[PDB]
Structures are given as structure tokens and as C-alpha cells.
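Colleague: first portion of the complex, with coordinates as positioned in the assembly:
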Amino acid sequence: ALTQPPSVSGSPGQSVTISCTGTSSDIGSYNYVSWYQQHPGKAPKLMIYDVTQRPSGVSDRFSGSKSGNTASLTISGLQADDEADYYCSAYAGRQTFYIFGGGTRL
Amino acid sequence: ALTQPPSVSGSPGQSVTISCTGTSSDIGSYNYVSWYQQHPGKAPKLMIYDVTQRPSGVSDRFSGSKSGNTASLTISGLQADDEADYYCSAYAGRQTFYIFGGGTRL
Amino acid sequence: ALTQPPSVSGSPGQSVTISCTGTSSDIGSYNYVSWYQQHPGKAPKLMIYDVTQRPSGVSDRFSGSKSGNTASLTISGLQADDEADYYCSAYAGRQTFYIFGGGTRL
């Protein structure tokens, strides 16, 4: 699994970052680390695909980045409407396809 | 190894069943579970080959079957002359060829 | 790793043998067991290559041999000038290339 903080918080309007830490074979070697936003009782929605890309329909508040073996999702302009459990998902290779981290409650 | 009861018994003329339990990669996936009859001090003789077949010279008292991941040998018409240690043998694959169970004393 | 005695000694002029013990996949299967002579503070020098060969410039005092899964270096004519930490190195295969033993202090 990937390592994520169990809980992140901040004031409305604050820039909030969620870290996703993996090993050299997960985040480092492969630049395919996506982020999903899951509201309680609902299926997750895709927020970030690739290291820096956003699917159409997702606002620019969600900005992805990667450094070394650690990926990060920055949510600017924090609002109550965007509070959800966030997950990172990394491509691990051909033998193991995807590794998900624990959810971060925001 | 495959799982077999350490000991099975019954009255003469009774139908006696010997179970052979393996995993999904042994009995389930491959329908090549044979049974051997070994008398003390002697080499084993083949009783059942394939799930349901009998070599020529072996009487119809020995009836094989398979369900799920468990194979079974039914010996109808039990007689003292047929008391022996019974073994099951399953084909496991190309990396591991054969897996034998423990002997069942009858 | 390969097994070597931690320390070997003898009088000047004595024939001194250093054993190198490995498994069947290291010394047994592959007849490529070399020996190196390392003086304190310096890089190792090659003494023996292959089971029985000496690089040019190395005197005939250093005689290699192999029996079963155990390799041996015999140093005849022991002199203070040849005291060094000795190592054996075996070719292990394509998945693992070289295995070194512990140094023997002479």
C-alpha cells in the first residue's frame, strides 16, 4: 500500500496538501499517480490523472505534483463542499498493476 | 501435500469413502487425481487413474469421483482382502508435477 | 556468502591452506573460483583466477584447487611479505553473479 496521512484539515480558503508516499518502484519509476475524491456513501470521482492533469469538469483548485518518490495533491480555495476522503493511486508495473493508499479524511 | 483422513473403517460389504482434499490449483483446476492401493511391505498398485477411470484388472468396486476441490474414492463391497493403505495423487502443474496425500489405513 | 576461516597462521616456509566452502550452486556447479590478496589499506590484488590458474606476475607459491563444493588456496614457502587478508570469489550464475567469502587474516 501507499502511505497517506489519516487526516488533514484546514480553514476555508486555505491551501491544503495531501501527501502520498510510496517506494522507488511505485511513485519514482512511474509518473502515473492519480487522485480520487470519495464522498461518504458514494463511489470515488477522479480528480487528478497523470501527475499534473485534470479531467474535464474538475476545477483548477486541484493541482497535482510529484517530487522524488512522494506525490502531492494541493487543494487551493478550501470549501466545505470539497470535504471528502481522498485517495492516491499509483501504477506499480506489469506484475502488480495498481497500489492504492489509505484514505485521507478532509 | 494433500489432506486425507489418517484412518477409515467399516464393516464388510459396506460402502467406504476416502476423501482427498487439496487446493484450487491441485484438485480443482486439474482433473487428474489418481488413487493407489499399497499393501504393507509392497509397492503401491494403481486403482484409479483420471477422476473416474479404472486400469484393466481392477474391479468395479473402486469408483472415483470429484466435486469442487475434493476427490473421493468409494469402495463398495468392502472385504478383508482389500484392506490396504490408500493414497491420492494429484497433478499440480508444470512447476510442481505431483502432490501426494497421507496414507489412509483401511 | 561463502565460508572461510576467520584466521589462518603458520611458520615461515610452511605450506598454509585457506578453505572456501560454498553450496552446490556456487563452487560445485561452476569451476570459476578466484582468490584475491588484500593488504591493509590497499585494494585487493588477483592471485588466482579459474580453479588452478595464476595471472602473470604471481609466483608459483599460490596454488589453487577444488574438491566437491570446497575450494582451497595453498601458499607454499610462507613469508612475512605475503601476509594479507585473503578472499575467495565464486561465480554463482546469471541471476546472482558473484559471491565473496569473509576475509582470512594471515
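Modeller: Right, received. Where do you want to start? Residues are numbered from 1 along each chain as shown, chains lettered A, B, ... in the order given.
Colleague: now do the SS call for residue A:26.
Modeller: Using DSSP: H, G, I helix; E, B strand; the rest coil, the secondary structure recorded for residue A:26 is helix.
Colleague: was I right about it contacting residue A:97?
Modeller: No: here residue A:26 lies out of contact with residue A:97, judged by Cβ atoms under 8 Å, at a distance of 11.3 Å. Where C-beta positions appear, they are placed from N, C-alpha and C, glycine not excepted.
Colleague: the more surrounded of these two?
Modeller: Here residue A:26 and residue A:97 are compared on neighbour count by other Cβ atoms under 10 Å in any protein chain shown; more neighbours surround residue A:26, at 25 against 8.
Colleague: hang on, the earlier thing: mutual contacts of residue A:26 and residue A:97, please.
Modeller: Counting by Cβ atoms under 8 Å, 6 or more residues apart in numbering or on different chains, the residues touching both residue A:26 and residue A:97 are residue A:91.
Colleague: residue A:89 sits in which helix or strand?
Modeller: Residue A:89 belongs to strand A:85-91 when assigned by DSSP states H and E.
Colleague: continuing past that strand, what's the next helix or strand?
Modeller: strand A:98-100.
Colleague: can you pull the phi/psi pair for residue A:82?
Modeller: Backbone dihedrals for residue A:82, given as degrees, to the nearest 10, come out at phi -100, psi 10.
Colleague: what sits closest to it if chain neighbours are left out?
Modeller: In space, not counting the residues next to it along the chain, residue A:82 is nearest to residue A:75; the distance is 6.4 Å by Cβ to Cβ, 6 or more residues apart in numbering or on different chains.
Colleague: could I get the contacting residues of the one you found?
Modeller: Residues in contact with residue A:75 (Cβ under 8 Å, 6+ apart) are A:15-18, A:61-63, A:82, A:106.
Colleague: wouldn't residue A:30 be in contact with residue A:90 here?
Modeller: Yes: contact status for residue A:30 versus residue A:90: in contact at 6.7 Å, counting by Cβ under 8 Å.
Colleague: how is residue A:48 assigned, secondary-structure-wise?
Modeller: Local secondary structure at residue A:48 is given as strand here, using three-state DSSP.
Colleague: pretty sure it contacts residue A:34?
Modeller: Yes: with contact defined as Cβ under 8 Å, residue A:48 counts as touching residue A:34 (5.7 Å).
Colleague: hey, what's the residue nearest the centre of chain A bridged with?
Modeller: In chain A, the C-alpha closest to the average C-alpha coordinate belongs to residue A:35, at a distance of 3.4 Å (Cα atoms, centre = their mean). Residue A:35 has the following beta-bridge partners by DSSP bridges: residue A:48, residue A:88.
Colleague: was I right about residue A:16 contacting residue A:10?
Modeller: Yes: taking Cβ under 8 Å as the contact criterion, residue A:16 and residue A:10 are neighbours in contact, 4.5 Å apart.
Colleague: let's bring in chain D now:
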Amino acid sequence: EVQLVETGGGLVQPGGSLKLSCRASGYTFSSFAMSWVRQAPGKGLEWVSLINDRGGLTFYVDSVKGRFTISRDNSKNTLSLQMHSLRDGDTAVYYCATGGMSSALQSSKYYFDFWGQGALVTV
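Modeller: Chain D added:
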């Protein structure tokens, strides 16, 4: 823009089996790879299986590799998953998702583009 809806049963006994099925609408089913992802009631979600767009290639997570079968039908626009030996560790809500792979001539993905709402399977 699209719809993906899970169909399946509920409680099963250990050692049994259950077939799940998803119907897709609003996109060309045969143009995208499909995956199954599951979330245990008290845990985060994890990948279960991946099938290519044509359906010839299948991949599984090791914890289910010897029991689960993933299959798709591009004429019906449906995805099926046949699960066997449901263990207590396999209790979860199972979501179908569009994405996770591309057939060599398409831009890469390695992400799950569209999600259904999830079938809840218990043991």
C-alpha cells in the same frame, strides 16, 4: 455524460460463488479497458481486476488471482465478474470502472476514468 450500473447479490456463505455484472451506457464500451475495484466496509479501496478493451487479456490482484474470472461482452455492452470462494477478507463494495489500460494505439491511461456506484457483497 456516461452511466455505469452495478448488479449483484448480497450475503453468501464462505466457499460459495457469486456473479456480478455491470451495464455501460453513454460511451463506446469496446473502446475502453474495464476494471473492478473494491472497498471493504471499514477500509480504503483497492484494485481487484483489469480486463482489456477486446477482452482477450485479463489481470488480477494476487489475493483473488486463483478464484475470480473477469469477462466482458462488447455486443451487450456488459462486464461480468464471477467470484468463487468468497472469504471474509473479500467482503466489500465492488465498483466497475472505465480506464486502467489502453490497447497500444491509444493514449495511455493507468487511471480509472469513470465509476459506477458499487455492488455490496458480504460473507
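Colleague: can you list contacts of the strand holding residue A:89?
Modeller: Contacts made with strand A:85-91 from outside it, assessed by Cβ under 8 Å, 6+ apart, are listed as A:2, A:4, A:18, A:20, A:22, A:26-27, A:30, A:32-40, A:44, A:47, A:71, A:73, A:97-106, D:44-45, D:47, D:110-112.
Colleague: could you rerun that using 7 Å?
Modeller: Strand A:85-91 is contacted from outside by A:2, A:4, A:18, A:20, A:22, A:26-27, A:30, A:32-38, A:44, A:71, A:73, A:97-101, A:103-106, D:44-45, D:110, using Cβ atoms under 7 Å, 6 or more residues apart in numbering or on different chains.
Colleague: just the buried ones from these, in ChimeraX syntax?
Modeller: A single ChimeraX command selects the buried members of the contacts of strand A:85-91 (16 or more other Cβ atoms under 10 Å in any protein chain shown):
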select /A:2,4,18,20,22,26,27,32,33,34,35,36,37,38,44,71,73,97,98,99,100,101,103,104,106 /D:44,45,110
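Colleague: that older thread, mind exporting the strand holding residue A:89 as PDB, just the C-alpha atoms?
Modeller: What follows is the C-alpha trace of strand A:85-91 in PDB, where atoms were taken according to Å, rounded to 0.1, in the frame of the first residue of the first chain:
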ATOM      1  CA  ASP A  85     -12.000  11.100   1.600                       C
ATOM      2  CA  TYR A  86      -9.000  11.500  -0.800                       C
ATOM      3  CA  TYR A  87      -7.000   8.600  -2.200                       C
ATOM      4  CA  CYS A  88      -3.900   8.300  -4.300                       C
ATOM      5  CA  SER A  89      -3.400   5.500  -6.800                       C
ATOM      6  CA  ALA A  90      -0.100   4.600  -8.400                       C
ATOM      7  CA  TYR A  91       0.800   2.300 -11.300                       C
END
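Colleague: distance between it and the chain's centre?
Modeller: Its chain's average C-alpha position is 5 Å from that of strand A:85-91, according to Cα atoms, centre = their mean, to the nearest Å.
Colleague: what residues does chain D put near chain A?
Modeller: Proximity of chain D to chain A, by Cβ under 7 Å from any Cβ of the partner chain, involves residues D:44-47, D:50, D:59, D:95, D:110-113, D:115-118.
Colleague: nearest to chain B among those?
Modeller: The shortest approach to chain B among these belongs to residue D:59, at 18.0 Å (Cβ to the nearest Cβ).
Colleague: all strands for chain D, in order.
Modeller: Listed in chain order, the strands of chain D (DSSP state E) span D:3-7, D:17-25, D:34-39, D:45-51, D:58-60, D:69-73, D:78-84, D:92-99, D:112-115, D:119-121.
Colleague: most packed of these?
Modeller: Per residue and on average, the most neighbours among the strands of chain D fall to strand D:34-39, with a mean of 24 (mean count of other Cβ atoms under 10 Å in any protein chain shown).
Colleague: sequence below should go in as chain E:
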Amino acid sequence: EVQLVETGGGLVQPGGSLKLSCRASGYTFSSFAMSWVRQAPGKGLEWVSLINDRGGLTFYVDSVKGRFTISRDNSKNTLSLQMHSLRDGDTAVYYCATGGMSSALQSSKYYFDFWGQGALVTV
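Modeller: Below, chain E sits with the chains from the block before:
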């Protein structure tokens, strides 16, 4: 209908070696695959090795894979097994058996059709 007879030695020291040999009669030796199966004095029997009918292909159980060599001679109608580093865990009666494989153009077996009486090897 057939005869298969084991020849071999008895007690050896740990770390040594011993060659076993079986002679076949009553069937075409070159038409069947041969295997070795062993039974420890107080345990059940287990598979040790398999050789094809031609002899080009050999397979071993992991516990002996790095020591045992299986070879057959279709002109002599004999099967040989050369064992090295006989360990205490290798003490057993070793039986030759006809079956266990078929050379692609014959009906499948995956069973041991004929058995000898067994050579007893101790350490």
C-alpha cells in the same frame, strides 16, 4: 504383464552419492515416461523425479533438484538415478514407475501405470 526391478545399495554416509538402476521388461521401454517415487520408512510416498520417454527432458521435486540426476537408456531398457548429498531426510524406499507423462502425440496420463518393488536407501 510387465516386470520392473530396482537395483541399488543400502547405507551411505551423509554427503556421499549412490546410483540406483531399474530394468524393465514386458513393455516397450522407449514408449513410456518413467518416474521415481520415494516413501520414507514412517511416512507416505512422494514424487521424486520424472523423465520423458526419449530422455531429453527431466523434472525434479525441489527438495532434490540440485543433487539428483535422472537418465534413461532406451537401448538397454534401463532407468538410472544418480543421487548426491544423501541427507537424513532423503532416507526412503525408492520405486521406479512407468507413467507420469506422455510425449504430446499419445493420450495423457499424469499417473503412474506400473510399479517396481523398491530399493531401500538409508543414511
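Colleague: same question on the contacts of strand A:85-91, but with chain E included?
Modeller: For strand A:85-91, the surrounding residues in contact (Cβ under 7 Å, 6+ apart) are A:2, A:4, A:18, A:20, A:22, A:26-27, A:30, A:32-38, A:44, A:71, A:73, A:97-101, A:103-106, D:44-45, D:110.
Colleague: any idea how far the one residue in chain D that gets nearest to chain E is from chain C?
Modeller: Distance from chain E to each residue of chain D (Cβ to the nearest Cβ) is smallest for residue D:66, at 20.0 Å. Here the criterion is Cβ to the nearest Cβ, to the nearest Å. By it, residue D:66 lies 26 Å from chain C.
Colleague: now swap in residue D:51 and tell me
Modeller: Distance from residue D:51 to chain C, by Cβ to the nearest Cβ: 33 Å.
Colleague: equivalent analysis for residue D:11, please.
Modeller: Here the distance between residue D:11 and chain C works out to 47 Å (Cβ to the nearest Cβ).
Colleague: report the contact partners of that residue.
Modeller: Residue D:11 makes contact with residue D:122 under the criterion Cβ under 7 Å, 6+ apart.
Colleague: mind listing the residues bridging to it?
Modeller: residue D:122.
Colleague: and the residue of chain A nearest chain C?
Modeller: Sorted by distance to chain C under Cβ to the nearest Cβ, the residues of chain A start with residue A:95, at 16.5 Å.
Colleague: for that residue, give me phi and psi.
Modeller: Here residue A:95 shows phi and psi, under degrees, to the nearest 10, equal to phi -80, psi -40.
Colleague: mind listing what it touches?
Modeller: Under the criterion of Cβ under 7 Å, 6+ apart, residue A:95 has no contact partners.
Colleague: give me that answer again for 10 Å
Modeller: Residues near residue A:95 by Cβ atoms under 10 Å, 6 or more residues apart in numbering or on different chains: D:59, D:62.
Colleague: from residue D:60, how far out is it?
Modeller: Between residue A:95 and residue D:60 the distance, using Cβ to Cβ, to the nearest Å, works out to 11 Å.
Colleague: what does residue A:50 give?
Modeller: 25 Å.
Colleague: tell me which residue is most central in chain D.
Modeller: Nearest to the centroid of the C-alpha atoms of chain D, with distances taken as Cα atoms, centre = their mean, sits residue D:36, at 2.5 Å.
Colleague: that residue contacts residue D:61, doesn't it?
Modeller: Yes: Residue D:36 is within contact range of residue D:61, at 9.4 Å (criterion: Cβ atoms under 10 Å).
Colleague: overlap in contacts, those two.
Modeller: With Cβ under 10 Å, 6+ apart applied, the overlap between the contact sets of residue D:36 and residue D:61 consists of D:47-50, D:68.
Colleague: nearest to residue D:13 among these?
Modeller: Comparing these against residue D:13 with Cβ to Cβ picks out residue D:68 as the nearest, at 17.3 Å.
Colleague: grab the nearest non-local neighbour of residue 63.
Modeller: No chain was given, so I picked chain A. Here the residue nearest residue A:63, using Cβ to Cβ, 6+ apart, is residue A:74, at 4.7 Å.
Colleague: you looked at the wrong chain, it should be chain D
Modeller: Take residue D:63 and drop its neighbours on the chain: the residue closest to it by Cβ to Cβ, 6+ apart is residue D:89, 7.4 Å away.
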